[PDB]
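Asker: Here you go, one structure.
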Amino acid sequence: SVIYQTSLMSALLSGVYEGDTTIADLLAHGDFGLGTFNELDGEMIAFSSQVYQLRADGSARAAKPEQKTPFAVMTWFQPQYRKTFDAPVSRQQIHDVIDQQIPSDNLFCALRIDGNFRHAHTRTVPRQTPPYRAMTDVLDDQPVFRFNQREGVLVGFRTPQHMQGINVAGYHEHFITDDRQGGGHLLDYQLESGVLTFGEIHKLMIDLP
Amino acid sequence: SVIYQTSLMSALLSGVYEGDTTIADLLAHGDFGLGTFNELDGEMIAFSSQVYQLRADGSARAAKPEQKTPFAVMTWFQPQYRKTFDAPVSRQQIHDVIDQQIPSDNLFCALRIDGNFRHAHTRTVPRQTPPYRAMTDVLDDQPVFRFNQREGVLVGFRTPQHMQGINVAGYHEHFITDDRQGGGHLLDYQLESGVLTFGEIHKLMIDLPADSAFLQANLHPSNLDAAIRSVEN
Ligand SMILES: [Cl-]
Ligand SMILES: [Cl-]
Ligand SMILES: [Zn+2]
Ligand SMILES: [Zn+2]
């Protein structure tokens with residue numbers, strides 16, 4: 001049970017938008033994860049060994065193995081816990097449940113939700129052309145996508161505070177709809193109903209750029 | 001070709017001085033490295049899959065496979081570069097040489113020197129008793145040993161600056177004498193003559209402990225870099 005990542009989140013935010021790790025490589029390190037693609041071309045989400053690309057123009061595609069990534073986090077998902085939510089529940093309330101069960105911040109968590117989302121807000125980063133700006137300074141218009149009563153899959157990690165530059169500290173969740181056509185990096189959501197699985201991980205492996 | 005480490009420098013700093021990783025475990029992840037031992041009992045140096053414990057009372061001994069460590073760094077040493085020195089050369093100049101060859105700071109380096117050290121100072125951390133205090137708050141004297149015109153072995157890593165809590169950022173080097181009876185954690189040194197070998201590494205593997213002291217520790221203290229620098233230099 002091992003968190004694998006390609007490159008550093010510090011390195012990404014710095015404008016290092018290309019890397020030589022392939023989707024082929026990713027799937028050798030996990031069946032489960034998230035990240036982005038070279039040239040910052042969309043959001044990556046992965047589960048059950050399926051890897052999807054979520055792009056600005058709302059389109060979506062299964063990823064090609066040869067496609068490359070400048071940042072991704074993978075594991076072999078092995079949840080320890082199941083929660084059934086039969087009434088609406090906020091993203092933060094979800095996190096309160098997991099935080100209460102796995103209170104140490106010095107571990108990783110991985111978590112999946114299958115369910116109906118009452119509300120979901122994503123961003124999906126647009127493809128960038130060189131020379132690369134810092135991500136906080138993407139001059140390109142990038143909208144907040146909104147989903148209401150949409151069935152979908154959520155994939156996420158909770159990363160220790162003290163690893164802020166290495167990975168995304170705290171909760172980092174990606175989302176894709178049932179039809180596998182929309183989603184992205186989640187900014188907030190409310191679950192109408194669904195099934196949560198999660199667990200702790202305490203091994204970290206980094207391929208450096 | 002992988003940097004293996006058990007726990008984090010962060011954790012050791014905060015006072016988590018007991019781990020469950022054994023020396024035998026370490027040796028399954030490399031033939032080369034450095035660290036400390038449970039209860040902060042001294043310095044560990046490892047090379048040619050030989051492991052030594054340098055203690056605060058000046059004793060040196062082969063480590064036992066079943067001894068535990070709260071923090072250690074290992075790899076299978078596969079140097080790509082080699083430079084010999086026939087004239088003296090400072091610790092910084094050594095680092096300058098490696099930096100010229102491996103300028104990327106996204107990479108780790110492992111380095112070994114075999115030779116005659118004109119000068120060296122080493123520290124060895126003193127064994128602690130619970131309740132453990134943080135390293136910036138240790139009450140015991142921390143002995144410094146001096147070596148002049150001594151043959152020996154230097155083992156070291158270069159860690160990317162942006163990984164300062166995970167590991168010891170920058171250069172971290174340990175030392176033992178030819179007769180394996182003195183050394184420890186290097187503070188300064190000057191090589192009289194000898195042979196440098198080193199190489200680049202771009203994979204890092206961290207085992208996080210699951211014991212209670214580790215799980216409760218604060219690993220993002222205020223001025224992390226300054227704190228670690230006050231302890232490692
Ligand atoms: Cl992302
Ligand atoms: Cl050390
Ligand atoms: Zn994201
Ligand atoms: Zn040391």
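Order determines the names: the first chain of the structure tokens is A, the second B, and so forth; residues in each chain are numbered 1 upward, and ligands are numbered 1 upward as they are shown.
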Which residues are near region 115-129 of chain A? Cut-off 8 Å, only C-alpha atoms, ignore same chain within fewer than 5 positions. Put them as number ranges by chain.
Answerer: A: 39-43, 54-56, 88, 140, 142-153, 175, 183-195
Asker: Could you write out the selected residues, including N, CA, C and O atoms, as a compact mmCIF listing (two decimals), in the first residue's frame?
Answerer:
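out_35.txt was written with the following content:
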# COMPACT_ATOMS: atom_id res chain seq x y z
N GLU A 39 1.85 19.96 -20.66
CA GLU A 39 1.35 21.25 -21.13
C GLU A 39 0.10 21.70 -20.36
O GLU A 39 -0.60 22.62 -20.77
N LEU A 40 -0.14 21.06 -19.22
CA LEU A 40 -1.25 21.37 -18.32
C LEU A 40 -2.60 21.15 -19.01
O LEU A 40 -3.60 21.81 -18.70
N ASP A 41 -2.62 20.18 -19.93
CA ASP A 41 -3.78 19.89 -20.75
C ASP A 41 -4.84 19.06 -20.02
O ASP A 41 -5.01 17.87 -20.28
N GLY A 42 -5.57 19.71 -19.11
CA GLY A 42 -6.69 19.06 -18.47
C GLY A 42 -6.41 18.43 -17.12
O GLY A 42 -5.30 18.53 -16.59
N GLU A 43 -7.42 17.80 -16.54
CA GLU A 43 -7.28 17.15 -15.25
C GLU A 43 -7.27 15.64 -15.45
O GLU A 43 -7.93 15.11 -16.35
N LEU A 54 -9.81 15.07 -18.40
CA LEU A 54 -10.91 16.03 -18.38
C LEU A 54 -10.40 17.39 -18.86
O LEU A 54 -9.52 17.99 -18.25
N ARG A 55 -10.94 17.86 -19.98
CA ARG A 55 -10.39 19.05 -20.61
C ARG A 55 -11.26 20.29 -20.46
O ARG A 55 -12.46 20.20 -20.19
N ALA A 56 -10.62 21.46 -20.61
CA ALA A 56 -11.30 22.75 -20.55
C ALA A 56 -12.60 22.75 -21.37
O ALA A 56 -13.68 22.99 -20.82
N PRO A 88 -28.29 14.08 2.66
CA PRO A 88 -27.26 14.96 2.10
C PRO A 88 -26.14 15.26 3.09
O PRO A 88 -26.36 15.25 4.29
N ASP A 140 -5.23 32.95 -18.88
CA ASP A 140 -6.34 32.37 -19.63
C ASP A 140 -7.57 32.22 -18.72
O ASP A 140 -7.45 31.93 -17.52
N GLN A 142 -10.62 30.60 -16.99
CA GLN A 142 -10.83 29.21 -16.63
C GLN A 142 -12.02 29.25 -15.69
O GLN A 142 -11.93 29.75 -14.57
N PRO A 143 -13.15 28.75 -16.16
CA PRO A 143 -14.42 28.83 -15.44
C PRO A 143 -14.59 27.81 -14.31
O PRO A 143 -13.93 26.76 -14.31
N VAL A 144 -15.48 28.10 -13.36
CA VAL A 144 -15.90 27.13 -12.35
C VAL A 144 -17.07 26.33 -12.92
O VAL A 144 -18.12 26.89 -13.19
N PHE A 145 -16.87 25.03 -13.12
CA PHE A 145 -17.94 24.19 -13.67
C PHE A 145 -18.88 23.75 -12.57
O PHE A 145 -18.44 23.38 -11.47
N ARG A 146 -20.17 23.77 -12.85
CA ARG A 146 -21.17 23.45 -11.85
C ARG A 146 -22.04 22.28 -12.27
O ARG A 146 -22.51 22.21 -13.41
N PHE A 147 -22.22 21.36 -11.33
CA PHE A 147 -23.00 20.15 -11.54
C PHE A 147 -24.08 20.03 -10.46
O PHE A 147 -23.79 20.15 -9.27
N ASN A 148 -25.32 19.78 -10.88
CA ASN A 148 -26.41 19.58 -9.92
C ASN A 148 -27.10 18.24 -10.12
O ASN A 148 -27.31 17.83 -11.26
N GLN A 149 -27.41 17.57 -9.02
CA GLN A 149 -27.92 16.19 -9.03
C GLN A 149 -27.25 15.35 -10.11
O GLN A 149 -27.89 14.88 -11.03
N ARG A 150 -25.93 15.21 -10.02
CA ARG A 150 -25.20 14.40 -11.00
C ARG A 150 -24.54 13.21 -10.33
O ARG A 150 -23.86 13.35 -9.32
N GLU A 151 -24.78 12.04 -10.89
CA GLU A 151 -24.13 10.83 -10.44
C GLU A 151 -22.69 10.83 -10.92
O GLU A 151 -22.41 11.25 -12.03
N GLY A 152 -21.76 10.36 -10.08
CA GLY A 152 -20.36 10.35 -10.49
C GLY A 152 -19.41 9.66 -9.53
O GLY A 152 -19.81 9.09 -8.51
N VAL A 153 -18.12 9.71 -9.86
CA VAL A 153 -17.09 9.13 -9.02
C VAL A 153 -16.10 10.20 -8.52
O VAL A 153 -15.64 11.04 -9.29
N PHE A 175 -13.10 14.66 -9.69
CA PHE A 175 -14.48 14.23 -9.91
C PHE A 175 -14.75 13.99 -11.38
O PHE A 175 -14.29 14.75 -12.22
N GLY A 183 -16.30 17.04 -15.22
CA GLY A 183 -15.69 16.98 -13.90
C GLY A 183 -14.47 17.86 -13.74
O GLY A 183 -14.44 19.00 -14.20
N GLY A 184 -13.47 17.34 -13.05
CA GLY A 184 -12.23 18.06 -12.84
C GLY A 184 -11.78 18.07 -11.39
O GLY A 184 -12.14 17.19 -10.61
N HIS A 185 -10.97 19.08 -11.06
CA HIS A 185 -10.45 19.32 -9.72
C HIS A 185 -11.55 19.97 -8.88
O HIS A 185 -12.07 21.03 -9.24
N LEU A 186 -11.93 19.35 -7.77
CA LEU A 186 -13.07 19.83 -6.99
C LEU A 186 -12.75 21.02 -6.09
O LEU A 186 -11.78 20.99 -5.34
N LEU A 187 -13.60 22.05 -6.14
CA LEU A 187 -13.47 23.22 -5.26
C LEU A 187 -14.43 23.17 -4.08
O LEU A 187 -14.21 23.84 -3.07
N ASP A 188 -15.49 22.38 -4.22
CA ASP A 188 -16.51 22.23 -3.20
C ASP A 188 -17.56 21.27 -3.74
O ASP A 188 -17.72 21.17 -4.97
N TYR A 189 -18.26 20.57 -2.86
CA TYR A 189 -19.38 19.74 -3.30
C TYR A 189 -20.29 19.36 -2.14
O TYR A 189 -19.93 19.48 -0.97
N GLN A 190 -21.50 18.95 -2.48
CA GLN A 190 -22.41 18.39 -1.51
C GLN A 190 -22.93 17.09 -2.10
O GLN A 190 -23.38 17.03 -3.25
N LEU A 191 -22.80 16.03 -1.32
CA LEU A 191 -23.29 14.74 -1.72
C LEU A 191 -24.77 14.60 -1.35
O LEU A 191 -25.14 14.82 -0.20
N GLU A 192 -25.62 14.28 -2.32
CA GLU A 192 -27.03 13.96 -2.03
C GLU A 192 -27.12 12.61 -1.31
O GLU A 192 -27.77 12.48 -0.26
N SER A 193 -26.41 11.62 -1.85
CA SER A 193 -26.35 10.28 -1.26
C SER A 193 -25.20 9.51 -1.90
O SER A 193 -24.85 9.77 -3.05
N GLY A 194 -24.62 8.55 -1.20
CA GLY A 194 -23.62 7.74 -1.88
C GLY A 194 -22.84 6.86 -0.94
O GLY A 194 -23.16 6.78 0.25
N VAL A 195 -21.81 6.20 -1.46
CA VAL A 195 -20.99 5.29 -0.65
C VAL A 195 -19.55 5.76 -0.64
O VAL A 195 -18.94 5.98 -1.69
Asker: Please find the residues of chain B near chain A - the criterion being any atom within 7 Å, counting only C-alpha atoms - and write them as a PDB file with N, CA and C atoms, in the first residue's frame.
Answerer:
ATOM      1  N   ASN B 106      16.662  18.981  -8.337  1.00  0.00           N
ATOM      2  CA  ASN B 106      15.547  18.046  -8.231  1.00  0.00           C
ATOM      3  C   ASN B 106      16.077  16.629  -7.992  1.00  0.00           C
ATOM      4  N   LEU B 107      17.396  16.485  -7.977  1.00  0.00           N
ATOM      5  CA  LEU B 107      18.037  15.182  -7.856  1.00  0.00           C
ATOM      6  C   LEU B 107      18.718  15.018  -6.511  1.00  0.00           C
ATOM      7  N   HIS B 202      17.182   9.708  -8.607  1.00  0.00           N
ATOM      8  CA  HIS B 202      15.933  10.435  -8.839  1.00  0.00           C
ATOM      9  C   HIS B 202      14.704   9.674  -8.379  1.00  0.00           C
ATOM     10  N   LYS B 203      14.860   8.837  -7.356  1.00  0.00           N
ATOM     11  CA  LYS B 203      13.719   8.155  -6.758  1.00  0.00           C
ATOM     12  C   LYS B 203      13.837   8.197  -5.237  1.00  0.00           C
ATOM     13  N   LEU B 204      12.738   8.530  -4.571  1.00  0.00           N
ATOM     14  CA  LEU B 204      12.728   8.601  -3.120  1.00  0.00           C
ATOM     15  C   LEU B 204      11.626   7.716  -2.574  1.00  0.00           C
ATOM     16  N   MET B 205      11.963   6.924  -1.566  1.00  0.00           N
ATOM     17  CA  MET B 205      11.010   6.016  -0.950  1.00  0.00           C
ATOM     18  C   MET B 205      11.014   6.210   0.567  1.00  0.00           C
ATOM     19  N   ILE B 206       9.877   6.642   1.106  1.00  0.00           N
ATOM     20  CA  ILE B 206       9.714   6.901   2.534  1.00  0.00           C
ATOM     21  C   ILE B 206       8.771   5.917   3.253  1.00  0.00           C
ATOM     22  N   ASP B 207       9.283   5.235   4.285  1.00  0.00           N
ATOM     23  CA  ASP B 207       8.444   4.485   5.225  1.00  0.00           C
ATOM     24  C   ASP B 207       8.024   5.370   6.380  1.00  0.00           C
ATOM     25  N   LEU B 208       6.730   5.608   6.532  1.00  0.00           N
ATOM     26  CA  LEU B 208       6.262   6.371   7.689  1.00  0.00           C
ATOM     27  C   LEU B 208       5.908   5.422   8.853  1.00  0.00           C
ATOM     28  N   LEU B 215       2.709   9.329  15.355  1.00  0.00           N
ATOM     29  CA  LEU B 215       1.431   9.797  14.820  1.00  0.00           C
ATOM     30  C   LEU B 215       0.964  11.103  15.470  1.00  0.00           C
ATOM     31  N   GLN B 216       1.467  11.395  16.671  1.00  0.00           N
ATOM     32  CA  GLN B 216       1.048  12.597  17.410  1.00  0.00           C
ATOM     33  C   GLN B 216       1.990  13.782  17.254  1.00  0.00           C
ATOM     34  N   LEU B 219       4.925  18.010  12.783  1.00  0.00           N
ATOM     35  CA  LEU B 219       5.990  17.884  11.804  1.00  0.00           C
ATOM     36  C   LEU B 219       6.104  19.137  10.934  1.00  0.00           C
ATOM     37  N   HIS B 220       5.287  20.139  11.227  1.00  0.00           N
ATOM     38  CA  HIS B 220       5.473  21.427  10.574  1.00  0.00           C
ATOM     39  C   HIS B 220       5.689  22.520  11.606  1.00  0.00           C
TER      40      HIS B 220
END
Asker: As a quick test: using only C-alpha atoms and all ligand atoms, which residues lie no more than 7 Å away from ligand 3? Give them as a ChimeraX atom specification.
Answerer: /A:34-35,43,172-174,185
Asker: Per residue of chain B within 8 Å of ligand 4, note the shortest atom pair and the distance in Å to one decimal, counting only C-alpha atoms and all ligand atoms, and order the rows by chain and increasing residue number, as a Markdown table.
Answerer:
| residue | atom | partner | partner_atom_place_in_ligand_line | distance |
| --- | --- | --- | --- | --- |
| B:34 | CA | ligand 4 | 1 (Zn) | 6.7 |
| B:35 | CA | ligand 4 | 1 (Zn) | 5.9 |
| B:36 | CA | ligand 4 | 1 (Zn) | 7.4 |
| B:43 | CA | ligand 4 | 1 (Zn) | 6.7 |
| B:44 | CA | ligand 4 | 1 (Zn) | 7.9 |
| B:172 | CA | ligand 4 | 1 (Zn) | 6.0 |
| B:173 | CA | ligand 4 | 1 (Zn) | 6.2 |
| B:174 | CA | ligand 4 | 1 (Zn) | 6.0 |
| B:184 | CA | ligand 4 | 1 (Zn) | 7.5 |
| B:185 | CA | ligand 4 | 1 (Zn) | 4.6 |
| B:186 | CA | ligand 4 | 1 (Zn) | 7.0 |
| B:232 | CA | ligand 4 | 1 (Zn) | 6.4 |
Asker: Using the selection just defined, write its residues with C-alpha atoms as a PDB file, in the first residue's frame.
Answerer:
ATOM      1  CA  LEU B  34      23.595   7.185   7.602  1.00  0.00           C
ATOM      2  CA  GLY B  35      21.180   7.963  10.400  1.00  0.00           C
ATOM      3  CA  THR B  36      20.826   7.586  14.128  1.00  0.00           C
ATOM      4  CA  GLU B  43      25.402   8.254  14.741  1.00  0.00           C
ATOM      5  CA  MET B  44      24.954   5.493  12.157  1.00  0.00           C
ATOM      6  CA  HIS B 172      24.634  15.525   5.035  1.00  0.00           C
ATOM      7  CA  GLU B 173      27.820  13.553   5.633  1.00  0.00           C
ATOM      8  CA  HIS B 174      29.018  11.023   8.200  1.00  0.00           C
ATOM      9  CA  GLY B 184      30.217  10.535  13.560  1.00  0.00           C
ATOM     10  CA  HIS B 185      28.258  13.338  12.021  1.00  0.00           C
ATOM     11  CA  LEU B 186      30.487  15.714  10.031  1.00  0.00           C
ATOM     12  CA  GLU B 232      22.821  19.421  11.611  1.00  0.00           C
TER      13      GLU B 232
END
Asker: Give me the residues near residue 22 (chain B) as a list in words, where near means some atom within 10 Å (using only C-alpha atoms) and where sequence neighbours in that chain fewer than 2 positions away do not count.
Answerer: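 What passes the distance filter is residues 6, 19, 20, 24, 25, 26, 27, 37, 38, 64, 65, 66, 67, 68, 69 and 70 of chain B.
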Asker: Check region 18-216 of chain B with DSSP on the backbone and list each residue it calls helix (DSSP H, G or I), as an NGL selection string.
Answerer: :B and (23-27 or 38-40 or 91-101 or 135-137 or 161-163 or 212-216)
Asker: Atoms to include: C-alpha atoms. Write the selected residues as a CSV table (one decimal), in the first residue's frame.
Answerer:
chain,number,residue,atom,x,y,z
B,23,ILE,CA,19.2,-2.4,10.9
B,24,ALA,CA,18.5,-5.7,9.1
B,25,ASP,CA,15.5,-3.8,7.5
B,26,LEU,CA,17.8,-1.0,6.4
B,27,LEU,CA,20.2,-3.4,4.7
B,38,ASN,CA,16.7,4.5,18.8
B,39,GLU,CA,16.8,6.8,21.8
B,40,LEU,CA,19.1,9.1,19.7
B,91,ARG,CA,34.4,20.2,2.2
B,92,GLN,CA,32.8,23.1,0.2
B,93,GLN,CA,35.1,22.4,-2.8
B,94,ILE,CA,34.0,18.8,-2.7
B,95,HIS,CA,30.4,20.0,-2.8
B,96,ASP,CA,31.4,22.4,-5.6
B,97,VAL,CA,32.8,19.5,-7.7
B,98,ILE,CA,29.6,17.5,-7.3
B,99,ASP,CA,27.4,20.5,-8.0
B,100,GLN,CA,29.2,21.3,-11.2
B,101,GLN,CA,28.6,17.7,-12.4
B,135,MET,CA,16.5,18.3,19.3
B,136,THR,CA,16.5,22.1,19.6
B,137,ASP,CA,15.9,21.5,23.3
B,161,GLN,CA,16.6,22.1,-0.6
B,162,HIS,CA,12.8,22.0,-1.1
B,163,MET,CA,12.7,18.7,0.8
B,212,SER,CA,1.8,6.4,18.6
B,213,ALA,CA,4.6,8.9,19.3
B,214,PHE,CA,5.2,9.4,15.6
B,215,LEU,CA,1.4,9.8,14.8
B,216,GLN,CA,1.0,12.6,17.4
Asker: Just checking: using only C-alpha atoms, which residue out of A:114, A:20, A:200, A:179 ends up closest to residue 47 (chain A)?
Answerer: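 Of all the options, A:114 lies closest to residue 47 (chain A).
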Asker: Among region 66-111 of chain B, which residues does DSSP mark as strand (DSSP E) when it is run on the backbone? Keep the chain and numbering as in the structure and answer as a list in words.
Answerer: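 The strand (DSSP E) residues within region 66-111 of chain B come out as residues 68, 69, 72, 73, 74, 75, 81, 82, 83, 84, 85, 89, 90, 108, 109, 110 and 111 of chain B.
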Asker: Would you mind exporting N, CA, C and O atoms of the selected residues as a tab-separated table (two decimals), in the first residue's frame?
Answerer:
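The new file again.tsv reads:
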chain	number	residue	atom	x	y	z
B	68	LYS	N	17.27	-0.97	16.39
B	68	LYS	CA	16.26	-0.15	15.70
B	68	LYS	C	16.73	1.28	15.45
B	68	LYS	O	17.60	1.80	16.14
B	69	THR	N	16.14	1.90	14.43
B	69	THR	CA	16.41	3.30	14.12
B	69	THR	C	15.12	4.14	13.96
B	69	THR	O	14.11	3.66	13.40
B	72	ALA	N	16.88	7.08	9.31
B	72	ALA	CA	18.05	6.63	8.59
B	72	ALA	C	17.75	6.74	7.13
B	72	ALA	O	16.58	6.70	6.74
B	73	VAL	N	18.81	6.86	6.35
B	73	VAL	CA	18.73	7.03	4.90
B	73	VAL	C	19.65	6.00	4.25
B	73	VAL	O	20.82	5.90	4.64
B	74	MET	N	19.14	5.26	3.26
B	74	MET	CA	19.89	4.19	2.62
B	74	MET	C	19.69	4.19	1.12
B	74	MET	O	18.68	4.71	0.61
B	75	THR	N	20.63	3.57	0.41
B	75	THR	CA	20.49	3.35	-1.02
B	75	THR	C	21.50	2.29	-1.44
B	75	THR	O	22.41	1.97	-0.67
B	81	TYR	N	30.36	8.83	-11.08
B	81	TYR	CA	31.47	9.77	-11.21
B	81	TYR	C	32.58	9.46	-10.25
B	81	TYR	O	32.36	8.90	-9.17
B	82	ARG	N	33.78	9.86	-10.64
B	82	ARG	CA	34.94	9.58	-9.84
B	82	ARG	C	35.95	10.69	-10.04
B	82	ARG	O	36.25	11.05	-11.16
B	83	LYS	N	36.43	11.24	-8.93
B	83	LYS	CA	37.53	12.17	-8.97
B	83	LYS	C	38.51	11.85	-7.86
B	83	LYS	O	38.12	11.61	-6.71
B	84	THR	N	39.79	11.85	-8.20
B	84	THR	CA	40.84	11.69	-7.21
B	84	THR	C	41.44	13.07	-6.89
B	84	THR	O	41.40	13.99	-7.71
B	85	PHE	N	41.94	13.22	-5.67
B	85	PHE	CA	42.53	14.47	-5.22
B	85	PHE	C	43.91	14.15	-4.67
B	85	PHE	O	44.03	13.30	-3.79
B	89	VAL	N	41.71	19.65	-0.21
B	89	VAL	CA	40.49	20.17	-0.78
B	89	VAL	C	39.44	20.22	0.31
B	89	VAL	O	39.27	19.27	1.07
B	90	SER	N	38.75	21.35	0.39
B	90	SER	CA	37.82	21.58	1.47
B	90	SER	C	36.49	20.87	1.22
B	90	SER	O	36.19	20.50	0.09
B	108	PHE	N	18.72	13.80	-5.99
B	108	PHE	CA	19.58	13.47	-4.86
B	108	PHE	C	20.99	13.12	-5.35
B	108	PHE	O	21.18	12.76	-6.50
B	109	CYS	N	21.96	13.22	-4.46
B	109	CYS	CA	23.29	12.68	-4.73
B	109	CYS	C	23.70	11.82	-3.57
B	109	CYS	O	23.33	12.08	-2.42
B	110	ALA	N	24.44	10.76	-3.88
B	110	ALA	CA	25.12	9.97	-2.87
B	110	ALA	C	26.60	10.14	-3.13
B	110	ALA	O	27.01	10.19	-4.27
B	111	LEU	N	27.40	10.26	-2.08
B	111	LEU	CA	28.82	10.48	-2.30
B	111	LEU	C	29.62	9.75	-1.25
B	111	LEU	O	29.21	9.61	-0.10
Asker: Need to verify the contact set: residue 169 (chain B), 9 Å, only C-alpha atoms, exclusion of same-chain residues closer than 5 positions in sequence. Can you return it as a VMD selection string?
Answerer: chain B and resid 158 to 164 225 228 to 229
Asker: May I ask which of the residues A:60, A:110, A:97, A:72 is the closest one to residue 22 (chain A), counting only C-alpha atoms?
Answerer: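 Closest residue, counting only C-alpha atoms: A:72.
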Asker: Near residue 29 (chain A), counting only C-alpha atoms, which residues have an atom at most 7 Å away, once you skip same-chain residues fewer than 2 positions from it, shown as an mmCIF file with N, CA, C and O atoms, in the first residue's frame?
Answerer:
data_model
loop_
_atom_site.group_PDB
_atom_site.id
_atom_site.type_symbol
_atom_site.label_atom_id
_atom_site.label_comp_id
_atom_site.auth_asym_id
_atom_site.auth_seq_id
_atom_site.Cartn_x
_atom_site.Cartn_y
_atom_site.Cartn_z
ATOM 1 N N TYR A 4 2.337 6.591 -4.704
ATOM 2 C CA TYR A 4 3.365 6.945 -5.684
ATOM 3 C C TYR A 4 3.084 8.319 -6.301
ATOM 4 O O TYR A 4 1.964 8.583 -6.729
ATOM 5 N N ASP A 25 3.202 4.195 -17.168
ATOM 6 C CA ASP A 25 3.982 4.126 -15.955
ATOM 7 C C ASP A 25 3.083 4.255 -14.737
ATOM 8 O O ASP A 25 3.288 3.574 -13.732
ATOM 9 N N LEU A 26 2.096 5.143 -14.830
ATOM 10 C CA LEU A 26 1.203 5.425 -13.721
ATOM 11 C C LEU A 26 0.499 4.157 -13.302
ATOM 12 O O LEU A 26 0.450 3.830 -12.117
ATOM 13 N N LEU A 27 -0.029 3.434 -14.289
ATOM 14 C CA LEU A 27 -0.863 2.263 -14.022
ATOM 15 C C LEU A 27 -0.053 1.107 -13.471
ATOM 16 O O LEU A 27 -0.615 0.160 -12.922
ATOM 17 N N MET A 74 -0.584 8.262 -7.499
ATOM 18 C CA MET A 74 -1.206 6.960 -7.691
ATOM 19 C C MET A 74 -1.051 6.091 -6.460
ATOM 20 O O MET A 74 -0.097 6.251 -5.695
ATOM 21 N N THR A 75 -2.005 5.189 -6.256
ATOM 22 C CA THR A 75 -1.825 4.088 -5.321
ATOM 23 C C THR A 75 -2.641 2.861 -5.773
ATOM 24 O O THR A 75 -3.495 2.964 -6.654
#
Asker: In Å, rounded to a single decimal, give me how far CA of residue 102 (chain B) is from CA of residue 200 (chain B).
Answerer: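 Separation of CA of residue 200 (chain B) and CA of residue 102 (chain B): 7.0 Å.
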Asker: Do you have the CA of residue 180 (chain A)-atom 1 (Cl, counted along the ligand's line) of ligand 1 distance handy?
Answerer: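 Here the two named atoms are 17.7 Å from each other.
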